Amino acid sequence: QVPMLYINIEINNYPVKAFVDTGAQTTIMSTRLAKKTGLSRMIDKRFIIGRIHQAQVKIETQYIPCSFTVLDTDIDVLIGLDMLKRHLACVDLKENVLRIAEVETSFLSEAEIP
C-alpha cells in the first residue's frame, strides 16, 4: 500500500527510474548504474565507494548538474534532499508531478514503478 515516488530521467542516454526521497541527506547512484552509463571512470574515490561530483542528469528537456555518492545497492538512483533543494524543487502530490529546475516531470504509475 502507498506507491512510492519515481520520475523518469536519462543519464548518458540511459533511461532511469529515480526514487524521490525527501528524508535522505544525499543523492545516490548504484555502482552498476555508474558502470552501465560509463560514469565509473569519473568516480572520485577521495575518502560508500566514491563520489561523482557534477554529472549531467537529464529530466525532460533539461540537463542538470547532479552530484552522486556511489553505493552498491539495488536502487539505481535516489534523488535526495540535497539535490532536491539545490534545484529548488516541488514534490507536488496534488498534481502528482515533480517540479525541478525549470522543468516539470510526472510521477511513475503503480505499474511503471520498478
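Don't overthink the numbering: it's just position in the shown sequence, from 1.
Chemist: How many missing residues of the deposited sequence lie between residue 47 and residue 48 in the entry, grouped as none, 1 to 3, 4 to 9, or 10 or more?
Modeler: The entry has a long gap there, with 10 or more residues left out between residue 47 and residue 48.
Chemist: Which wins on mean Cα temperature factor, 75-83 or 48-56?
Modeler: The entry gives the higher C-alpha B-factor average to 48-56.
Chemist: Between 21-29 and 93-101, name whichever shows the higher mean Cα B factor according to the PDB entry.
Modeler: Here the higher of the two C-alpha B-factor means belongs to 93-101.
Chemist: Comparing against every modelled residue in the chain, figure out the third that the C-alpha B-factor of residue 62 lands in (lowest, middle or highest).
Modeler: Its C-alpha B-factor belongs to the highest third of this chain's values.
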